[PDB]
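K.L.:
Generate a structure from the sequence data that follows.
(chains A and B)
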Amino acid sequence: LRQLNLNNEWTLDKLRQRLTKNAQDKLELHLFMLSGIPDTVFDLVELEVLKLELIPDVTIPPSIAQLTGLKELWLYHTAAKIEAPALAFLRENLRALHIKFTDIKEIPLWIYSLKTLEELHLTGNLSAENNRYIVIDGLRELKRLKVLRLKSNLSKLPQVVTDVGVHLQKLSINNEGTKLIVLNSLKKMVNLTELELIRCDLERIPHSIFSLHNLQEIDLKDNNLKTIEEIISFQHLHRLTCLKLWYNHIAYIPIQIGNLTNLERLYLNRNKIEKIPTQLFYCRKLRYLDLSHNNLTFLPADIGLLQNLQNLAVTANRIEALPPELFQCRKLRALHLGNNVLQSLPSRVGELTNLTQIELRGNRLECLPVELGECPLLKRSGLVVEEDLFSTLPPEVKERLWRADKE
Amino acid sequence: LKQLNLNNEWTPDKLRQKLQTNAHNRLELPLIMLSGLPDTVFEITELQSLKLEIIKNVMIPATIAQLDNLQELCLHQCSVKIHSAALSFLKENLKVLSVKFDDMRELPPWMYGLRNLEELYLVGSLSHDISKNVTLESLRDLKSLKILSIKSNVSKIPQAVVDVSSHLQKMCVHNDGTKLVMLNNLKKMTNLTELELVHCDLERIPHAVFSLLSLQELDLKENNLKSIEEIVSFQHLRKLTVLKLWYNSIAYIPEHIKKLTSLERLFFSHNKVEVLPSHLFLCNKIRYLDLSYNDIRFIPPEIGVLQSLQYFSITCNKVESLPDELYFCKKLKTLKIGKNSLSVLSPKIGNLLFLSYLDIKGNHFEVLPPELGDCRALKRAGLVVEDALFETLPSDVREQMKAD
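P.N.:
Numbers count the residues shown, from 1 in each chain, chains lettered A, B, ... in the order given. See the structure here:
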């Protein structure tokens, strides 16, 4: 009766207008306090991400084969009871699976039998008696796994994951402030490409991070590293182009980072950097640079070297005057300059053409120069500033900006 | 049951839809006329600002400890309650507050147990017994407060401000027709830097402002300043660069302006000034001078002294004569002379290299000269004029001007 009633009131049409999209621009639908999965949900064939969240002990019927496009399932506190045909369809179709659980019994045993699975995300503490890194012993059956996120507050990386790491390309660990016992045990995952230690609270860089040669993106988010001193050994990482050292107590940048010339997306924001030095600009390949929420004394002139810079973000830092060398570069696109102590914005911003958005709200900005109207890509949504400061501009250039905005 | 219904009504996806930005570049959740606060709101942890509008009979649980990213709180016409862990966390984390007290009890008494609070927006209204508000004089517990804006009919500045003068920096008061009195409470301001008094009905600038020795700026908005004779002590405000005395009634400007030369921003728009003296433009550090919608008869030539000027607004004046010395000042970036009684635009106007803005709208002109091409920073938008004045450029000058 519950299943048929749930089919009835949650009909397919309101569900059709219920459809939404994710950051991957994939069609989802969030099921939230449902008795089971309505058959109207399974009738849908354009579904990409099915969100079984808090669905009490739902039995998956074979009609999941109707979900031909189904590639993503996020079982959030939802134990999935499944049978052989639905198992076969999921083994032959399903490829990404983010299982969030609060108990070992909540984790289904069939998720280790899927062939085509490549993205697997776990949330929930995994340290237990007589089950530590044994329930995931079926990860060896899964040979297509490439993404393994473990928000499990684990104290050490499991060895079964190390054997998986021959084919694993991405390993993100979230420990919520728990030091993970490295012991250089990540040297087995030579195929690892994106080691994103989230909230690992490491306070140091182990040698395994720069021992593997295959990492392009290494984001040590909230790893609490006081001194960023292991960056000399990262030059052997020719693949490394994204070294996001945000959310740390880095108080000064040693000049040695000038060794790493391959860096593009250096996101060094939300830190206490007293100043980014001239030698930091020795990496001319830097295309995306984030320094937001920092303690910079000023912004040096060698920023003119970074000709590839697109978005420089120094929001809520301490920069009193904008150097003309900042405007010497022409490739700037997103200027996060708000909440600063910028006395005034120089007219040289009229040189910038790629600038499609610029954050100018707050600050000590006396007036906005008319040269901001010279920028073609900039519009009202791009130019976020206070209403009075925007009104300081002449009426006709404001009309031009309005007309370019609305259309 | 109320909590269960609150969580049932508003799914987190609906809150994703509700997510927006605010006037301070924070992630805002606008919650309008709600029965309460759902726990689904606190399930969002990326949130930077909370907006609660007329959501009364609301008790803040410990669950707000989930979202660490809060910096702003908008508690608008809502009587809110509190819990111990909420007190501790909002003591540790919350810094920006914007409340509206339509009713005095709709102001909750717990804003003042915090310390990390920095910005405060006290919009609303107040009664005759102003000094009895002990809610105001508990900000001694606040240590980080730096922004205070009180849009209310406040006649007497409380001893609260007197106590919190050590760390307070910005004032914005809109009395809206209410006379402000008891200005010793503004005398004992010591470390304040900004003062924006709107419609306070202050007939004269008090010795309170001159007791301030570190005031960056002063606003005497909607204040009936008939005469300005107390400027002699304004020299004590060495930090004073902004004097936005606009929509005012200053009939003439005396010599006392020589007391302070650090003055930079000078707004006398819609003032009662008849003739400017020889003594304004001695203070060469002035860059930002406004006389918009005034009725000045004419401009004397001593304007030539103001070289470091970058803004000279006299729009909608009765000025029939612009001498060429303001055209001689090339550092003048903005120069608004709109709707005056002038006759002809200056032919030797291309000498002003750094002339970003020339608002000369509605002026009785005849023919534009060809030397606008020599002007590097003057546009049709910048030189706002009637269209029959726009149609006057030579054809080759049109070819050079459409390509700037």
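K.L.:
how many neighbours does residue 317 have?
P.N.:
Going with chain A. When counting by other CB atoms under 10 Å in any protein chain shown, one arrives at 23 neighbours for residue A:317. For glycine as for every other residue, the C-beta is placed from the backbone atoms N, C-alpha and C.
K.L.:
hm, I was asking about chain B
P.N.:
Residue B:317 has 25 nearby residues by other CB under 10 Å.
K.L.:
Confirm for me that it is in contact with residue B:275.
P.N.:
No - using CB atoms under 8 Å as the test, residue B:317 is too far from residue B:275 to be in contact (11.1 Å).
K.L.:
Could you pull out the residues contacting both of these two?
P.N.:
Jointly contacting residue B:317 and residue B:275 under the rule CB atoms under 8 Å, 6 or more residues apart in numbering or on different chains are residue B:296.
K.L.:
What ranges does the stretch 151-300 of chain A have for its strands?
P.N.:
All strands of the stretch 151-300 of chain A, identified by DSSP state E, counting those that start in this stretch, fall at A:170-174, A:194-198, A:217-219, A:242-244, A:265-267, A:288-290.
K.L.:
Distance to chain B and mean neighbour count for these - can I get that in TSV?
P.N.:
Putting the strands of the stretch 151-300 of chain A into TSV (distance: least, CB to the nearest CB, whole Å; neighbours: other CB atoms under 10 Å in any protein chain shown) gives the following:
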stretch	distance to chain B	mean neighbour count
strand A:170-174	13	22
strand A:194-198	14	19
strand A:217-219	17	19
strand A:242-244	18	20
strand A:265-267	17	20
strand A:288-290	16	21
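K.L.:
want to throw those into TSV with distance to residue B:139?
P.N.:
What follows is these, written out as TSV (distance: least, CB to CB, whole Å):
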stretch	distance to residue B:139
strand A:170-174	40
strand A:194-198	39
strand A:217-219	41
strand A:242-244	40
strand A:265-267	38
strand A:288-290	36
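K.L.:
count of neighbours near the nearest residue to residue B:312 once chain neighbours are set aside?
P.N.:
Leaving out its chain neighbours, the residue that sits closest to residue B:312 by CB to CB, 6 or more residues apart in numbering or on different chains is residue B:335, at 4.8 Å. Neighbourhood size, residue B:335 [other CB under 10 Å]: 25.
K.L.:
Surely residue B:335 forms part of a strand?
P.N.:
Yes - per DSSP: H, G, I helix; E, B strand; the rest coil, residue B:335 lies within a strand segment.
K.L.:
Would you agree it is in contact with residue B:355?
P.N.:
Yes - with contact defined as CB under 8 Å, residue B:335 reaches residue B:355; the gap is 6.4 Å.
K.L.:
Residue A:373 reaches residue A:397, doesn't it?
P.N.:
Yes - Residue A:373 is in contact with residue A:397 according to CB under 8 Å; the separation is 4.0 Å.
K.L.:
Mutual contacts of those two, please.
P.N.:
Common contacts of residue A:373 and residue A:397, defined by CB under 8 Å, 6+ apart, comprise residue B:381.
K.L.:
Output the set of residues of the stretch 251-400 of chain B in proximity to chain A.
P.N.:
Residues of the stretch 251-400 of chain B lying near chain A by CB under 8 Å from any CB of the partner chain: B:265, B:288, B:311, B:334, B:356-357, B:359, B:377, B:379-382, B:384.
K.L.:
before we move on, back to that, roughly how far does the residue nearest to residue B:312 sit from chain A?
P.N.:
As judged by CB to the nearest CB, to the nearest Å, residue B:335 and chain A stand 12 Å apart.
K.L.:
Noted, bye for now.
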